[PDB]
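Quick notes on the structure that follows.
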Amino acid sequence: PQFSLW
Amino acid sequence: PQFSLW
Amino acid sequence: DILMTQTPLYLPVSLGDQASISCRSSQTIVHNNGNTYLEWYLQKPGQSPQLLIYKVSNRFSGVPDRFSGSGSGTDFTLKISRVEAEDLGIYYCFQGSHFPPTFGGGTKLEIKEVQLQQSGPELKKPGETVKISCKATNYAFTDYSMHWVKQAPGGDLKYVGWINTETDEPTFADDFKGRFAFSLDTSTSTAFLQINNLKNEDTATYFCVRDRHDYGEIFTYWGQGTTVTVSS
Amino acid sequence: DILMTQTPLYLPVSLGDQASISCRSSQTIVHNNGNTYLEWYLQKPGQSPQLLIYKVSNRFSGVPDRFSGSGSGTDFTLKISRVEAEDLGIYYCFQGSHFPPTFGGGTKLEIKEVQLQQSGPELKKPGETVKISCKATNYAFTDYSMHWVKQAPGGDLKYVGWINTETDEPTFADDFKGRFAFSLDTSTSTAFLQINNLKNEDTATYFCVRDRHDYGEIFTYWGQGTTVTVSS
């Protein structure tokens, strides 16, 4: 999944 | 000996 | 801005000895989701950093159990019960809880299928432009984003940013808002980093990196790196 | 002038497997004396390169027969019949037949009495000067010349030059004409490489190397290297 943290 | 190849 | 401060700078040891490394962050590092993304990496000269510990105390895959991570708040510690030769190199702590992710400055331990392939070394001259490529094999290229990390001459590691491989949207770190462009050629599962009008300070090693964040792991897979030499 | 194109840049392998690495020269490398000075080196993580094969197919003393070199004309190959743990590292092909001698870009292989002692790592600001030293032990210093090799951050190797230890005459590869100077001190059996006006492109590990060209070997003994970090 694409980066969802920042 | 001193380097002589070139 | 988060400062990662590691103690000691150099750690001389005899093989078989215990070793302990400390790392202090300038702020607490708990993520809004409740997780603490504090990781530990080991990098051998000329190789790329390899992930050892994630989420503070969990060993990454393939990592032997002599490595242990602990801590909380702003104090973190990496322990090696018995130091073996394959363990020597520079250890970096890291926080990914708050953007931009930052790396501690490193500690040198010394004696008394996912694959990312990058383009070869680039001998350039200022003004020139460089296109670093990173071929990602063994997984669905559009499934995950691609991160880029810069390693400065003194070994300092700095986050450049990342690009959404589906939407193609690049996100940058303030220090790379300039002459830095992320692109991709999904038809070859490649991600590129663009640097135009190169300068003396661009000489660094550029690593493309794959995250495994759905596992609580930030920088899990690193390319071997591309050093952009500039004949300033 | 002679390009050595080495493939592959990366070779992931499992122990027990075979590995083959190739190198193609842009021009023929037979020496007017009939010899072909094509060598293969292995650089283990955290060590200096070591000679494995010389004159195309001859194994250096102590190198296991699991390693064999072959080829002629412009195409050469190093084969490892079965990869073992101690074989991991970066392999380089090299031609020492025509000046300046040249190195292939390297192949990173990874799992899926003569002594030369160099001065220590130096952290310097640009514009400064550094004088790297290399002390020869166990042979008569003025019997052999002293060669110098530069290894940039990304691992690529570049020849700097050599100094005749009897006539005190130096010879530089075109890319190092100007800011580099060789000198020696026979009272201390020491050779020096001085770099004026430190630039970003000078950051690297510099190796002093001893040849045994009269035995058919070009770079037989390497110093441990001296890292020069130019922290602008």
Side-chain angles (χ1 to χ4, degrees), chain C residues 9-10 42-48 50 62 85-90 108-111 113-126 132-135 137-138 150-156 198-207 221-232, chain D residues 3 5-12 14 43-49 85-86 88-90 92 103-112 121-127 150-158 175-176 178-179 197-205 224-225 227-232:
Chain C
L9 203 176
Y10 289 87
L42 165 63
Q43 176 183 41
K44 272 71 153 39
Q47 284 187 169
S48 67
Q50 51 202 295
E86 64 280 354
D87 299 336
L88 306 180
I90 299 157
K108 178 175 167 70
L109 184 64
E110 46 178 36
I111 55 151
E113 186 52 296
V114 168
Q115 180 215 318
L116 299 173
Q117 135 92 46
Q118 313 192 209
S119 41
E122 288 299 327
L123 188 167
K124 290 289 185 186
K125 276 175 168 43
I132 296 94
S133 70
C134 167
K135 178 168 185 175
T137 58
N138 302 329
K150 187 183 167 188
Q151 183 162 46
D156 321 78
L198 296 179
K199 329 184 303 174
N200 38 72
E201 103 117 90
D202 270 359
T203 295
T205 301
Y206 290 92
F207 295 96
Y221 300 108
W222 293 67
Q224 1 82 85
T226 288
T227 44
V228 187
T229 308
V230 201
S231 178
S232 311
Chain D
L3 216 198
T5 303
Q6 200 182 317
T7 65
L9 257 67
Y10 210 71
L11 188 53
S14 297
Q43 179 177 33
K44 300 180 181 188
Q47 297 182 42
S48 307
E86 74 281 3
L88 305 172
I90 306 185
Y92 297 88
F103 292 86
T107 295
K108 295 178 194 290
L109 185 75
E110 60 135 54
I111 56 286
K112 296 209 194 74
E122 284 194 42
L123 207 192
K124 276 212 138 49
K125 314 180 91 300
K150 168 177 168 182
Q151 190 174 42
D156 80 67
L157 292 166
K158 303 192 70 290
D175 304 332
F176 300 88
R179 301 184 299 110
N197 190 198
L198 284 170
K199 298 179 180 301
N200 278 293
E201 78 205 68
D202 301 317
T203 296
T205 301
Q224 90 272 206
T227 313
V228 175
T229 301
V230 175
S231 174
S232 302

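Excluded from the calculations below are hydrogen atoms, water molecules and symmetry mates; all remaining heavy atoms, backbone and side chain alike, are included. Throughout, protein chains are lettered first and strands after them, A, B, ... in sequence-line order, and every chain is numbered starting at 1.
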Completion exercise
Under 4.5 Å to a heavy atom of chain D? For C:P153 that would be both

Exercise for the section: Give, as side chain, backbone, both or neither, the part of C:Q118 having an atom under 4.5 angstrom from any heavy atom of chain D. Expected result: backbone

Problem - Gap between atom CD of C:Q224 and atom CD1 of D:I90 - 0.5 Å precision - result: 9.5 Å

Exercise for the section: Using a cut-off of under 4.5 Å on heavy-atom pairs, state which of C:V228, C:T227, C:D156, C:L123 scores highest against chain D. Expected result: C:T227

Completion exercise
Heavy atoms of D:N200 and C:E201 approach each other most closely as ND2-N, 4.0 Å

Practice task
Select, from D:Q43, D:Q47, D:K108, the one with the greatest count of heavy-atom pairs under 4.5 Å involving chain C.
Solution key: D:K108

Handout entry: C:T226, part contacting chain D, at a heavy-atom distance under 4.5 Å
Key = neither

Practice task
Might you confirm whether atom NZ of C:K135 has over 12 heavy atoms from other residues, nucleotides or ligands at distances under 6.0 Å?
Solution key: no

Exercise for the section: Determine the minimum heavy-atom distance between D:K199 and C:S232, stating which atoms define it. Expected result: CD-O, 4.0 Å

Problem - Residue D:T203 versus chain C: region with a heavy atom under 4.5 Å - result: side chain

Handout entry: Engaged part of C:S231 at the chain D interface, taking heavy atoms whose separation is under 4.5 Å
Key = both

